[PDB]
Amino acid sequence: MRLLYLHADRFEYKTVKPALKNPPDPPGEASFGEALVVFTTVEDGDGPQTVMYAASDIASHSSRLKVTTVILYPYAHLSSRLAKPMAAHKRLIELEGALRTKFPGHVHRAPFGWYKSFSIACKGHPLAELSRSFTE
């Protein structure tokens, strides 16, 4: 699992066209205030332990930033070892569930399988932008 932690003053996205033949999440759109935006690439070989590591780190980083909103934003472009679409959608479902057990704020899981337009205003401070890898 490759992740990118963007501490944003603002985030919003809208799904456009389907990217997979059968996108497992309905289309949609959302906009946010301050939020840690976690760009998430599920990698071939992520399982439950990977998920719990990532959940723990996401919650601890958020606590550091004092953020109360976390967006889990599926992203196919952070690495060159992706899990297949089905497996990836499952791990993201589990990652959302797992993060709720470690983080008291708002957790928003963005839809998986769509091309999306997004806007972000990413903060300029030293820890606004960090990358993370998790494995098992």
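Residue indices: 1-based, along the sequence shown.
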### Query
Which has the higher mean CA temperature factor in the PDB entry, 22 to 30 or 107 to 115?
22 to 30
### Query
Would 37 to 45 or 60 to 68 have the larger average of its C-alpha temperature factors, as given in the entry?
60 to 68
### Query
By its CA B factor, does residue 98 count among the lowest, middle or highest third of the modelled residues in the chain?
lowest
### Summary
By the entry's values, the third containing the CA B factor of residue 86 is the highest
